[PDB]
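Structure first, then comments.
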2 protein chains.
Amino acid sequence: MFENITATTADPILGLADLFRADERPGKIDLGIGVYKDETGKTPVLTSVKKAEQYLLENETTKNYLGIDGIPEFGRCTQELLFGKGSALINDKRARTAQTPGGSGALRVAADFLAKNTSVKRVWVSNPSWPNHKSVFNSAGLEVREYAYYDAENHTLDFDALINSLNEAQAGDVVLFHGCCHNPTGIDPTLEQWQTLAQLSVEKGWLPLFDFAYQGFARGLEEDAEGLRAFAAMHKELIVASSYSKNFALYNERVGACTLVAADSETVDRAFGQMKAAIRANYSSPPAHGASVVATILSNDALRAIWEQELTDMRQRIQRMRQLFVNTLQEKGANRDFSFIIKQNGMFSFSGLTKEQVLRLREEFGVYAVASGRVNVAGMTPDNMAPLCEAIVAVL
Amino acid sequence: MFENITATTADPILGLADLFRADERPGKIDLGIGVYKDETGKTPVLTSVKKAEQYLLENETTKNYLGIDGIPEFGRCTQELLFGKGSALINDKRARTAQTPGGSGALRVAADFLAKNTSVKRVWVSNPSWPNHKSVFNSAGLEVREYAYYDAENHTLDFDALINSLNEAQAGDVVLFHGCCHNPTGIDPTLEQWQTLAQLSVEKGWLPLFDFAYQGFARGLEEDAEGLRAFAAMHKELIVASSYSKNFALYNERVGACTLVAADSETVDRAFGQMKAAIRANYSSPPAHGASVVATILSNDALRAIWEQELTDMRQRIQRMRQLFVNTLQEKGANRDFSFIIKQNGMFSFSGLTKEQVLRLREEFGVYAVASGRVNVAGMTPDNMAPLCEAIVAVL
Ligand SMILES: O=C(O)CCc1ccccc1
Ligand SMILES: O=C(O)CCc1ccccc1
């Protein structure tokens, strides 16, 4: 049965991990997959997380199955984070949340739900894209089409080209937006641009799907949700696939949520029934540990205070590395102004390197970035900055 | 977009949970979903598990993403459990294991892998069936057909009808077998019958898929894998979807594995590449905590000894409840010989109750069983036995 199966290429970001592991060169530097590293170049468990895990060790009395949609308190805390305490969406019971295995799991659940239960045939994503969107949506039988997004010459959001390319989207198409820290460009709509897109989306009949994996990493928890909230104020329906992987540094525990919004409580509950069916046909119920940690932290004032400071600390260290990167590139003799890197939000710099420059970086220098030219600024430290900048300058 | 979505019925086992929760009657008894309860009627975390969790709290230094196939040691320990230390399958590197979110996740991964990469169009399951097999395989676009299995009059495996009904399966069809503790009948092939089916399967060109969620609950860890091992000795290819939910009482941490077997190392590695692609398009990488616990216990002699005794203890308590159930039914005045219940393996008794008898049990008596007549013997205690048996006798 398996004799004639075609070989495939690996996940083009997660697959960097294996390459990096096999590399026996001592000075190798990982700027690939977007995980946060501290000053020492490691990716620690947050202190708030360790404290919550100690609590769970001492107080959990069962591993009995969670409901298909996971921990009720986790859903409640998620909706508050997404929409704001006192949101009309919450008051009017228009939102239902399933805890999922990561935002990736939430994306697949959304895709299966839409494919089976609606007339959706196409999802629009930005170019440049995040590779796994195509993989997930195609797996559920949905076409993926790309809209224009990034003006590579001014290093801004090309709002005109964005709007014009989306004129091709039909009513009933899905349009995927990154909530904040657009991956890979790090360029987000202004609040005013979010409000314009919200209005356009309503007029054009698009279904908004928010991929929201970086809440807290652009400006702050509440600020980063402004765009989503602008859409929520304007739409009857939308979906959010959110993640706690990055903002809790809980990557491997697979902690995310798929939140369904409809016009009213009757409609969302009936629709959510089919979302639960899409889960039943997949992994049945979500993993407790990571979601329990999140719910524990979010519902306890003291832990929440510690966690929010840790998140601020991560964002601030990345901002320091961002400035140091640009300074060091200059000092190392770069043949380009890299000032545009400062404008970018989140963990990355979308640096303008070509695919061949990134291949050479890996081959000759043991510096690992994504083929798109995306580099993980959150993986830079004072100790690895000089070598990595020397490498980049050498390939320009 | 969501206005016209059709309502659906809940997962017909997991959905019992909600019903049971809403029931405000004090004497309610849950004999539905197959989770183990101890003498006190609760479902404890195993001591071996708590010890492993303490170890992880004290010693984990990161939550960085696992590879798409999960923890390497977890795969190694899984293959040893499945095939035996020193198996030619392991020596010849013919097996590849992905850690998944439960056996349910492993079933979906297998289904997606097969649907996308092979000519498989149909999966054969037993009647009576486990409801979620149909849901999972249908979700990937595969037809599910049923083979005969249980002789309800002799309470044995109807081996003749099994073999005759499978004559309809074509070469290239998948045939799903439960490794041990067939759900819901509790009746398994003898070793000799396993060997006969292994031979038949090779002759007929079926792809064997083992659903192996109860290793340790029929007779013992090694004994329960005899049937799988009989198939592994005879086949070039097969798939195992295994679970640690029950044998580690780790239900909500979603700990399972999808193991792919091919003729040789080159074929399985190429095929496994596409299995990883099916994972990438789904939840991306598996949850660390529960799999870390399993790997920790399985690789440490002291913890492994404690865990294997805890598993023995669970099996033995269920066997005691099984005998007490039958005795109490007799004493309470049952109008049937229920001796056949003693022959059944695993957590359940497939009791012969009709769908209306189970509905009446829930409605009138607050005793919750599955609509098929399946009752969770592992949920019975000395304290709830009298009421539940009084209820059953009342509905006969
Ligand atoms: O590097 C990233 O783009 C974020 C981390 C990640 C990568 C691929 C799948 C899930 C998460
Ligand atoms: O009750 C069972 O049959 C086993 C527990 C279970 C039920 C449904 C999905 C996954 C596991």
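Simple scheme: letters A, B, ... for chains in structure tokens order, numbers from 1 for residues in each chain, numbers from 1 for ligands in the order shown.
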
Fill in: Cut-off 8 Å, only C-alpha atoms and all ligand atoms, neighbours of ligand 1 as number ranges by chain
A: 11, 13-14, 32-35, 103-104, 130-132, 183-184, 251; B: 280, 284-285

With the cut-off set at 6 Å and counting only C-alpha atoms, tabulate each residue of chain B with an atom at most that distance from an atom of chain A, showing the nearest atom pair and its distance in Å to one decimal, ordered by chain and increasing number, as a Markdown table.
```
| residue | atom | partner | partner_atom | distance |
| --- | --- | --- | --- | --- |
| B:7 | CA | A:270 | CA | 5.5 |
| B:43 | CA | A:62 | CA | 5.7 |
| B:44 | CA | A:62 | CA | 4.9 |
| B:45 | CA | A:62 | CA | 5.1 |
| B:61 | CA | A:44 | CA | 5.8 |
| B:62 | CA | A:44 | CA | 4.9 |
| B:63 | CA | A:252 | CA | 5.2 |
| B:64 | CA | A:251 | CA | 5.6 |
| B:65 | CA | A:252 | CA | 4.4 |
| B:66 | CA | A:252 | CA | 5.9 |
| B:104 | CA | A:283 | CA | 5.1 |
| B:105 | CA | A:283 | CA | 4.1 |
| B:108 | CA | A:282 | CA | 5.5 |
| B:135 | CA | A:281 | CA | 5.1 |
| B:136 | CA | A:281 | CA | 4.3 |
| B:250 | CA | A:63 | CA | 5.4 |
| B:251 | CA | A:65 | CA | 5.3 |
| B:252 | CA | A:65 | CA | 4.4 |
| B:253 | CA | A:287 | CA | 4.5 |
| B:254 | CA | A:287 | CA | 5.4 |
| B:270 | CA | A:7 | CA | 5.5 |
| B:281 | CA | A:136 | CA | 4.3 |
| B:282 | CA | A:108 | CA | 5.5 |
| B:283 | CA | A:105 | CA | 4.1 |
| B:287 | CA | A:253 | CA | 4.5 |
| B:288 | CA | A:253 | CA | 5.3 |
```

Item to complete: Give the answer as one residue: which of B:388, B:198, B:347, B:88 has the shortest atom-to-atom distance to ligand 2, using only C-alpha atoms and all ligand atoms?
Response: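 Once distances to ligand 2 are computed over only C-alpha atoms and all ligand atoms, the minimum belongs to B:347.
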
Discussion item. With only C-alpha atoms as the counted atoms, please give the residues lying no more than 7 Å from residue B:216, apart from itself and same-chain residues fewer than 6 positions off, as number ranges by chain.
Written reply: B: 224, 247, 311

For those residues, write N, CA, C and O atoms to a file as a short mmCIF file (atom, residue, chain, number, x, y, z; two decimals), in the first residue's frame.
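That gives us selection-v5.cif:
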```cif
data_model
loop_
_atom_site.label_atom_id
_atom_site.label_comp_id
_atom_site.auth_asym_id
_atom_site.auth_seq_id
_atom_site.Cartn_x
_atom_site.Cartn_y
_atom_site.Cartn_z
N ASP B 224 -1.50 -8.74 26.22
CA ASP B 224 -2.50 -8.01 25.47
C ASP B 224 -2.01 -7.61 24.08
O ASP B 224 -2.83 -7.28 23.21
N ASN B 247 -4.54 3.29 30.41
CA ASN B 247 -3.51 2.58 31.19
C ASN B 247 -2.61 3.46 32.06
O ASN B 247 -1.92 2.94 32.93
N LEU B 311 -1.48 -0.25 37.40
CA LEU B 311 -2.29 -0.74 36.29
C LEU B 311 -2.89 -2.10 36.63
O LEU B 311 -4.09 -2.35 36.39
#
```

Worksheet item: Got a sec to tell me which of stretch 17-255 of chain A DSSP assigns to strand (DSSP E or B), as a PyMOL selection string?
Response: chain A and resi 29-30+95-100+122-127+143-148+150-151+156-157+174-178+207-212+238-243

Item to complete: May I ask which of the residues B:235, B:182, B:362, B:317 is the closest one to ligand 2, counting only C-alpha atoms and all ligand atoms?
Response: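 Looking at the shortest contact to ligand 2, the residue is B:182.
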
Item to complete: Go through B:20, B:214, B:325, B:231 one by one, measure the shortest atom-to-atom distance of each to ligand 2 using only C-alpha atoms and all ligand atoms, and give the residue with the smallest value.
Response: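 Checking each candidate against ligand 2, we get B:214 as the closest.
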
Discussion item. I need the residues of stretch 151-222 of chain A that end up classed as alpha helix (DSSP H) by DSSP on the backbone, written out as a ChimeraX atom specification.
Written reply: /A:159-165,191-204,221-222

Could you write those residues out with N, CA and C atoms, as a PDB file, in the first residue's frame?
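Output contents, as saved in selection19.pdb:
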```
ATOM      1  N   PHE A 159      -1.716  49.816   1.574  1.00  0.00           N
ATOM      2  CA  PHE A 159      -3.149  49.772   1.860  1.00  0.00           C
ATOM      3  C   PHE A 159      -3.968  49.800   0.575  1.00  0.00           C
ATOM      4  N   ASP A 160      -3.534  50.613  -0.384  1.00  0.00           N
ATOM      5  CA  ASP A 160      -4.159  50.670  -1.706  1.00  0.00           C
ATOM      6  C   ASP A 160      -4.178  49.322  -2.428  1.00  0.00           C
ATOM      7  N   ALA A 161      -3.034  48.645  -2.465  1.00  0.00           N
ATOM      8  CA  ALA A 161      -2.942  47.359  -3.148  1.00  0.00           C
ATOM      9  C   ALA A 161      -3.712  46.268  -2.398  1.00  0.00           C
ATOM     10  N   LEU A 162      -3.702  46.351  -1.068  1.00  0.00           N
ATOM     11  CA  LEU A 162      -4.498  45.470  -0.225  1.00  0.00           C
ATOM     12  C   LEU A 162      -5.974  45.576  -0.607  1.00  0.00           C
ATOM     13  N   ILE A 163      -6.513  46.784  -0.528  1.00  0.00           N
ATOM     14  CA  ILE A 163      -7.916  47.011  -0.873  1.00  0.00           C
ATOM     15  C   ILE A 163      -8.252  46.608  -2.314  1.00  0.00           C
ATOM     16  N   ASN A 164      -7.402  46.984  -3.262  1.00  0.00           N
ATOM     17  CA  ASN A 164      -7.637  46.620  -4.655  1.00  0.00           C
ATOM     18  C   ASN A 164      -7.577  45.115  -4.942  1.00  0.00           C
ATOM     19  N   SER A 165      -6.634  44.405  -4.328  1.00  0.00           N
ATOM     20  CA  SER A 165      -6.545  42.957  -4.561  1.00  0.00           C
ATOM     21  C   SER A 165      -7.729  42.203  -3.941  1.00  0.00           C
ATOM     22  N   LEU A 191      -5.137  51.643  13.796  1.00  0.00           N
ATOM     23  CA  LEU A 191      -6.532  51.540  14.249  1.00  0.00           C
ATOM     24  C   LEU A 191      -7.489  52.058  13.168  1.00  0.00           C
ATOM     25  N   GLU A 192      -7.143  53.198  12.573  1.00  0.00           N
ATOM     26  CA  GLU A 192      -7.974  53.764  11.525  1.00  0.00           C
ATOM     27  C   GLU A 192      -8.096  52.831  10.314  1.00  0.00           C
ATOM     28  N   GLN A 193      -6.998  52.178   9.953  1.00  0.00           N
ATOM     29  CA  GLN A 193      -7.031  51.217   8.845  1.00  0.00           C
ATOM     30  C   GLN A 193      -7.840  49.977   9.196  1.00  0.00           C
ATOM     31  N   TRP A 194      -7.683  49.471  10.421  1.00  0.00           N
ATOM     32  CA  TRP A 194      -8.555  48.391  10.922  1.00  0.00           C
ATOM     33  C   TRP A 194     -10.045  48.742  10.798  1.00  0.00           C
ATOM     34  N   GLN A 195     -10.388  49.983  11.143  1.00  0.00           N
ATOM     35  CA  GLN A 195     -11.785  50.421  11.102  1.00  0.00           C
ATOM     36  C   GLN A 195     -12.304  50.500   9.669  1.00  0.00           C
ATOM     37  N   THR A 196     -11.444  50.953   8.763  1.00  0.00           N
ATOM     38  CA  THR A 196     -11.753  50.984   7.335  1.00  0.00           C
ATOM     39  C   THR A 196     -11.990  49.580   6.770  1.00  0.00           C
ATOM     40  N   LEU A 197     -11.124  48.633   7.136  1.00  0.00           N
ATOM     41  CA  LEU A 197     -11.249  47.230   6.692  1.00  0.00           C
ATOM     42  C   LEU A 197     -12.484  46.557   7.261  1.00  0.00           C
ATOM     43  N   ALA A 198     -12.778  46.842   8.534  1.00  0.00           N
ATOM     44  CA  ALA A 198     -14.004  46.357   9.172  1.00  0.00           C
ATOM     45  C   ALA A 198     -15.236  46.782   8.366  1.00  0.00           C
ATOM     46  N   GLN A 199     -15.310  48.067   8.031  1.00  0.00           N
ATOM     47  CA  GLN A 199     -16.409  48.599   7.220  1.00  0.00           C
ATOM     48  C   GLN A 199     -16.468  47.954   5.832  1.00  0.00           C
ATOM     49  N   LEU A 200     -15.318  47.864   5.166  1.00  0.00           N
ATOM     50  CA  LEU A 200     -15.219  47.225   3.845  1.00  0.00           C
ATOM     51  C   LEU A 200     -15.693  45.775   3.888  1.00  0.00           C
ATOM     52  N   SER A 201     -15.237  45.047   4.902  1.00  0.00           N
ATOM     53  CA  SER A 201     -15.581  43.633   5.072  1.00  0.00           C
ATOM     54  C   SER A 201     -17.092  43.411   5.210  1.00  0.00           C
ATOM     55  N   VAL A 202     -17.748  44.261   6.000  1.00  0.00           N
ATOM     56  CA  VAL A 202     -19.204  44.230   6.132  1.00  0.00           C
ATOM     57  C   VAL A 202     -19.906  44.503   4.791  1.00  0.00           C
ATOM     58  N   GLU A 203     -19.450  45.519   4.065  1.00  0.00           N
ATOM     59  CA  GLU A 203     -20.040  45.880   2.770  1.00  0.00           C
ATOM     60  C   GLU A 203     -19.896  44.794   1.712  1.00  0.00           C
ATOM     61  N   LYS A 204     -18.777  44.077   1.766  1.00  0.00           N
ATOM     62  CA  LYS A 204     -18.397  43.127   0.741  1.00  0.00           C
ATOM     63  C   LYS A 204     -18.867  41.714   1.083  1.00  0.00           C
ATOM     64  N   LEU A 221      -1.556  44.063  25.824  1.00  0.00           N
ATOM     65  CA  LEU A 221      -2.690  43.139  25.678  1.00  0.00           C
ATOM     66  C   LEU A 221      -3.929  43.816  25.105  1.00  0.00           C
ATOM     67  N   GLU A 222      -4.349  44.917  25.716  1.00  0.00           N
ATOM     68  CA  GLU A 222      -5.575  45.585  25.289  1.00  0.00           C
ATOM     69  C   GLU A 222      -5.393  46.289  23.938  1.00  0.00           C
TER      70      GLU A 222
END
```

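Counting only C-alpha atoms and all ligand atoms, the residue from B:29, B:375, B:175, B:306 that sits nearest to ligand 2 is B:375.
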
Discussion item. Neighbouring residues of residue A:176 were defined as those with any atom within 8 Å, considering only C-alpha atoms; residues of the same chain fewer than 2 positions away were excluded. Please report them as a list in words.
Written reply: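 Counting only C-alpha atoms, the residues come to residues 123, 124, 125, 126, 174, 178, 208, 209, 210 and 211 of chain A.
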
Residues just named, written with N, CA and C atoms as a PDB file, in the first residue's frame:
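Output saved as again-v6.pdb:
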```
ATOM      1  N   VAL A 123     -10.336  30.915   1.036  1.00  0.00           N
ATOM      2  CA  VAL A 123      -9.793  31.747   2.115  1.00  0.00           C
ATOM      3  C   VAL A 123      -8.708  32.641   1.522  1.00  0.00           C
ATOM      4  N   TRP A 124      -8.801  33.945   1.784  1.00  0.00           N
ATOM      5  CA  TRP A 124      -7.786  34.882   1.364  1.00  0.00           C
ATOM      6  C   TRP A 124      -6.762  35.125   2.514  1.00  0.00           C
ATOM      7  N   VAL A 125      -5.489  34.940   2.183  1.00  0.00           N
ATOM      8  CA  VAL A 125      -4.410  35.291   3.079  1.00  0.00           C
ATOM      9  C   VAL A 125      -3.486  36.327   2.451  1.00  0.00           C
ATOM     10  N   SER A 126      -2.667  36.967   3.274  1.00  0.00           N
ATOM     11  CA  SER A 126      -1.728  37.963   2.751  1.00  0.00           C
ATOM     12  C   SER A 126      -0.537  37.317   2.038  1.00  0.00           C
ATOM     13  N   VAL A 174     -13.832  33.753   2.871  1.00  0.00           N
ATOM     14  CA  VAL A 174     -13.184  34.085   4.151  1.00  0.00           C
ATOM     15  C   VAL A 174     -11.987  34.980   3.905  1.00  0.00           C
ATOM     16  N   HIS A 178      -4.205  38.895  10.455  1.00  0.00           N
ATOM     17  CA  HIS A 178      -3.415  38.684  11.675  1.00  0.00           C
ATOM     18  C   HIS A 178      -3.797  39.780  12.692  1.00  0.00           C
ATOM     19  N   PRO A 208     -14.695  37.321   8.320  1.00  0.00           N
ATOM     20  CA  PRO A 208     -13.375  37.533   8.931  1.00  0.00           C
ATOM     21  C   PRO A 208     -12.920  36.373   9.817  1.00  0.00           C
ATOM     22  N   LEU A 209     -11.699  35.922   9.569  1.00  0.00           N
ATOM     23  CA  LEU A 209     -11.040  34.955  10.416  1.00  0.00           C
ATOM     24  C   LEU A 209      -9.759  35.613  10.940  1.00  0.00           C
ATOM     25  N   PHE A 210      -9.697  35.844  12.248  1.00  0.00           N
ATOM     26  CA  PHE A 210      -8.490  36.375  12.871  1.00  0.00           C
ATOM     27  C   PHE A 210      -7.554  35.286  13.365  1.00  0.00           C
ATOM     28  N   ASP A 211      -6.309  35.351  12.912  1.00  0.00           N
ATOM     29  CA  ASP A 211      -5.244  34.548  13.458  1.00  0.00           C
ATOM     30  C   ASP A 211      -4.538  35.466  14.466  1.00  0.00           C
TER      31      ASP A 211
END
```

Worksheet item: Can you list, as number ranges by chain, every protein, DNA or RNA residue that comes within 12 Å of residue A:91 when you count only C-alpha atoms, leaving out same-chain residues fewer than 2 positions away?
Response: A: 76, 79-80, 83-89, 93-95, 264-265

Would you output that residue set with C-alpha atoms, as a short mmCIF file (atom, residue, chain, number, x, y, z; two decimals), in the first residue's frame?
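Output contents, as saved in result-v8.cif:
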```cif
data_model
loop_
_atom_site.label_atom_id
_atom_site.label_comp_id
_atom_site.auth_asym_id
_atom_site.auth_seq_id
_atom_site.Cartn_x
_atom_site.Cartn_y
_atom_site.Cartn_z
CA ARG A 76 -14.29 32.83 29.76
CA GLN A 79 -13.21 35.93 25.54
CA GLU A 80 -12.37 38.67 28.06
CA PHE A 83 -13.15 41.29 23.33
CA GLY A 84 -12.74 43.16 26.61
CA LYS A 85 -14.46 42.78 29.97
CA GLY A 86 -18.03 44.01 29.50
CA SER A 87 -18.03 43.53 25.72
CA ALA A 88 -21.54 43.37 24.26
CA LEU A 89 -20.40 40.15 22.54
CA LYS A 93 -23.79 35.55 24.61
CA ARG A 94 -22.86 35.80 20.93
CA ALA A 95 -19.46 34.05 21.32
CA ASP A 264 -27.26 35.93 18.46
CA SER A 265 -27.07 33.25 21.13
#
```

Practice prompt. Skip residue B:77 itself and residues of its chain fewer than 2 positions away, then list as a list in words all residues within 9 Å of it, counting only C-alpha atoms.
Written response: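 Result of the neighbour search: residues 72, 73, 74, 75, 79, 80, 81, 82, 294, 295, 298 and 299 of chain B.
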
Keeping N, CA, C and O atoms for every residue in the selection just given, could you write it to a file as a PDB file, in the first residue's frame?
```
ATOM      1  N   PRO B  72      11.227  11.880  21.094  1.00  0.00           N
ATOM      2  CA  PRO B  72      11.885  10.661  20.609  1.00  0.00           C
ATOM      3  C   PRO B  72      11.817   9.467  21.575  1.00  0.00           C
ATOM      4  O   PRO B  72      11.457   8.367  21.147  1.00  0.00           O
ATOM      5  N   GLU B  73      12.124   9.680  22.857  1.00  0.00           N
ATOM      6  CA  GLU B  73      12.042   8.601  23.864  1.00  0.00           C
ATOM      7  C   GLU B  73      10.631   8.020  24.000  1.00  0.00           C
ATOM      8  O   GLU B  73      10.460   6.829  24.257  1.00  0.00           O
ATOM      9  N   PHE B  74       9.623   8.870  23.833  1.00  0.00           N
ATOM     10  CA  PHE B  74       8.240   8.423  23.879  1.00  0.00           C
ATOM     11  C   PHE B  74       7.950   7.433  22.740  1.00  0.00           C
ATOM     12  O   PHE B  74       7.275   6.429  22.956  1.00  0.00           O
ATOM     13  N   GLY B  75       8.442   7.736  21.539  1.00  0.00           N
ATOM     14  CA  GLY B  75       8.311   6.823  20.401  1.00  0.00           C
ATOM     15  C   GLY B  75       8.992   5.493  20.650  1.00  0.00           C
ATOM     16  O   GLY B  75       8.414   4.439  20.406  1.00  0.00           O
ATOM     17  N   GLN B  79       7.140   1.820  20.865  1.00  0.00           N
ATOM     18  CA  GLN B  79       7.413   0.674  19.995  1.00  0.00           C
ATOM     19  C   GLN B  79       7.790  -0.586  20.786  1.00  0.00           C
ATOM     20  O   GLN B  79       7.396  -1.704  20.422  1.00  0.00           O
ATOM     21  N   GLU B  80       8.586  -0.415  21.841  1.00  0.00           N
ATOM     22  CA  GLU B  80       8.899  -1.537  22.739  1.00  0.00           C
ATOM     23  C   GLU B  80       7.637  -2.133  23.370  1.00  0.00           C
ATOM     24  O   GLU B  80       7.486  -3.350  23.430  1.00  0.00           O
ATOM     25  N   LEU B  81       6.709  -1.277  23.793  1.00  0.00           N
ATOM     26  CA  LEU B  81       5.462  -1.739  24.407  1.00  0.00           C
ATOM     27  C   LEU B  81       4.599  -2.497  23.402  1.00  0.00           C
ATOM     28  O   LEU B  81       4.031  -3.550  23.711  1.00  0.00           O
ATOM     29  N   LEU B  82       4.510  -1.947  22.196  1.00  0.00           N
ATOM     30  CA  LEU B  82       3.712  -2.522  21.119  1.00  0.00           C
ATOM     31  C   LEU B  82       4.279  -3.858  20.627  1.00  0.00           C
ATOM     32  O   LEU B  82       3.559  -4.858  20.565  1.00  0.00           O
ATOM     33  N   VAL B 294       4.536   9.962  30.512  1.00  0.00           N
ATOM     34  CA  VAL B 294       4.653   8.576  30.043  1.00  0.00           C
ATOM     35  C   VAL B 294       6.102   8.147  29.768  1.00  0.00           C
ATOM     36  O   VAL B 294       6.558   7.097  30.263  1.00  0.00           O
ATOM     37  N   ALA B 295       6.831   8.960  29.009  1.00  0.00           N
ATOM     38  CA  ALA B 295       8.239   8.689  28.716  1.00  0.00           C
ATOM     39  C   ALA B 295       9.087   8.616  29.996  1.00  0.00           C
ATOM     40  O   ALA B 295       9.921   7.720  30.141  1.00  0.00           O
ATOM     41  N   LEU B 298       8.068   5.234  31.783  1.00  0.00           N
ATOM     42  CA  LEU B 298       8.492   4.054  31.020  1.00  0.00           C
ATOM     43  C   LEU B 298      10.015   3.882  30.980  1.00  0.00           C
ATOM     44  O   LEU B 298      10.525   2.753  30.921  1.00  0.00           O
ATOM     45  N   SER B 299      10.747   4.985  31.060  1.00  0.00           N
ATOM     46  CA  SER B 299      12.210   4.893  31.007  1.00  0.00           C
ATOM     47  C   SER B 299      12.925   4.817  32.364  1.00  0.00           C
ATOM     48  O   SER B 299      14.145   4.658  32.393  1.00  0.00           O
TER      49      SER B 299
END
```
